[PDB]
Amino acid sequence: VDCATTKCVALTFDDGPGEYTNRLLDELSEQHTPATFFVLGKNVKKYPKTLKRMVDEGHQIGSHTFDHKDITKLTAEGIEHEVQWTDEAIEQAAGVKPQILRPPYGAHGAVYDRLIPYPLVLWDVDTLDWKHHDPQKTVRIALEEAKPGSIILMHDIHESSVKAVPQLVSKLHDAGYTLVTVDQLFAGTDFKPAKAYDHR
């Protein structure tokens, strides 16, 4: 996909994997749609086959650190642990290395980011599903606030994401968008480590 011309949107899911991730992957599969999963390293240990699904079925795996700590609260070595422990978990699980990282709570800063070997990927559309856990509100906010180049934040922690996705994909397609991984979204642009990006 050429997102320089084509109207692209990236669906992203934080804080997984968990008990709903496979249903989520099933729904995404049913509508031939890729997504980007910013995974928690602590959770990855328990879900190796599910991470293999992400690779096998066209999705992108990103790092969300290991135990979801605000990285700006940490020391240099603390940040090292969060990055490296998560990478090891992802490599052991799926045989790949993430190429992007999303900082917990969106919290970051130049002095910290310089320690992160990947582009920092934020978002421009917060579905707020972490507060309301409501599938229809997730769809409404994602649909109405998305624009070409948007990155939509959702959470793989709760049933409402599973219930939201079939409708969310349908409506984004009907609204003229092509759904892509974060990699595809930034393909061709200057997408470099230790920098933060919230939109193409």
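All residue numbers are counted from 1 along the displayed sequence.
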Determine, for stretches 54-62 and 27-35, which one has the higher mean CA B-factor as deposited. 27-35
Mean temperature factor over C-alpha atoms, higher-scoring stretch between 68-76 and 123-131: 68-76
Checking the record values for 158, 137, 49, 173, which has the greatest CA B factor? 158
When the modelled residues of the chain are sorted by Cα temperature factor, does residue 101 land in the lowest, middle or highest third? lowest
Assigned third (lowest, middle, highest) for the C-alpha B factor of residue 18: middle
Determine, from the deposited record, the chain-internal third of the Cα B-factor for residue 149: lowest, middle or highest. middle
Going by the CA temperature factor in the PDB record, which third of the chain does residue 116 belong to: lowest, middle or highest? highest
State the tercile, meaning the lowest, middle or highest third, of residue 93 with respect to the CA B-factors recorded for its chain. middle
